[PDB]
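Remember, it's 1-based here, ligands and their atoms both numbered in the order they're listed. These values consider heavy atoms only, across backbone and side chains, with no hydrogens, waters or symmetry-generated copies. All residue numbers in this chain count up from 1 along the given sequence.
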Amino acid sequence: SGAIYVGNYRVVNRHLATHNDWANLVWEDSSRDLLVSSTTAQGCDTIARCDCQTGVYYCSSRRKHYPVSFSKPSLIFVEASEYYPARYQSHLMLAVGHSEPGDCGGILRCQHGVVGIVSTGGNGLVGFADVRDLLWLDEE
Ligand SMILES: [Zn+2]
């Protein structure tokens, strides 16, 4: 589980979105596994605006933050998980590391702020849904 709280936005994995998220929907995209809902209270997370490929992510299944190198956001075939079939996911970045379904929502951060959230796992890779291209999270 986990979310990004930036301004009056809550960013979560689409597959973990709640009724309340859908009842306050701003934007969603199945192909990215992202959903953004509106919040009453202001969040304080800063979104990275950068092309970093190194950062640190939280892995709830190990109670650990791991430093990782990660790929460029791209369209990648993802093997079936407990929450999605085998399919193409867009704006996805991969690193070598541990990811189980419960790790979805873990933050990846670089020196500039939040890069993305854990979205995929398996075969010793962890996949992060990038948010750095969503410049509107910074405003309104
Ligand atoms: Zn960065």
Side-chain angles (χ1 to χ4, degrees):
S1 61
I4 312 171
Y5 294 97
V6 50
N8 286 274
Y9 302 117
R10 166 172 145 95
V11 188
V12 289
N13 298 90
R14 187 181 185 283
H15 74 275
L16 297 179
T18 64
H19 164 86
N20 186 66
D21 287 325
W22 281 103
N24 292 285
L25 184 63
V26 172
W27 170 84
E28 59 76 31
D29 180 324
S30 169
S31 80
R32 302 179 63 152
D33 186 37
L34 293 176
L35 180 148
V36 176
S37 62
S38 60
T39 59
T40 71
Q42 269 261 130
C44 300
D45 292 333
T46 308
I47 308 296
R49 301 296 178 201
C50 71
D51 65 353
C52 288
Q53 285 189 250
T54 63
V56 172
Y57 82 106
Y58 183 63
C59 176
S60 57
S61 68
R62 300 282 182 273
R63 297 293 201 267
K64 279 217 62 170
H65 298 259
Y66 292 104
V68 289
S69 298
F70 56 89
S71 65
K72 312 188 179 289
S74 68
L75 177 62
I76 315 178
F77 192 74
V78 186
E79 290 308 325
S81 64
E82 75 170 42
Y83 47 88
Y84 281 127
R87 65 182 202 145
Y88 282 96
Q89 186 161 325
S90 70
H91 298 263
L92 185 65
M93 299 172 292
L94 293 185
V96 180
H98 184 65
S99 179
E100 279 161 5
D103 294 322
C104 285
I107 282 167
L108 172 65
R109 60 184 80 232
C110 69
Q111 69 189 102
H112 307 108
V114 175
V115 174
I117 55 170
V118 173
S119 178
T120 76
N123 258 179
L125 301 182
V126 51
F128 308 96
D130 187 48
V131 300
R132 291 175 298 183
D133 63 317
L134 302 177
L135 309 180
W136 54 264
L137 286 169
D138 288 347
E139 76 200 352
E140 173 92 274

Taking it one step at a time, do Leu134 and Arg32 satisfy side chain to side chain contact (heavy atoms under 4.5 Å, CB included)? CA-CA 12 Å; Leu134 302 177; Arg32 302 179 63 152; 3.8 Å; yes
If we ignore hydrogens and angles and just use 3.5 Å, is the side chain of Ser99 paired with the main-chain N or O of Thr120 as donor and acceptor? yes
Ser74 side-chain N/O to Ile76 backbone N/O, donor-acceptor pair under 3.5 Å: no
What are the two closest non-hydrogen atoms of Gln53 and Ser71, and how far apart are they? NE2-CA, 3.8 Å
Check: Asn13 side chain, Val118 main-chain N or O, donor-acceptor pair, under 3.5 Å: yes
What count do you get for protein N/O/S atoms less than 2.8 Å from the Zn ion (ligand 1)? 4
Give a yes or no answer on whether the side chain of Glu79 reaches the backbone of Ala86 with a donor-acceptor pair at less than 3.5 Å. no
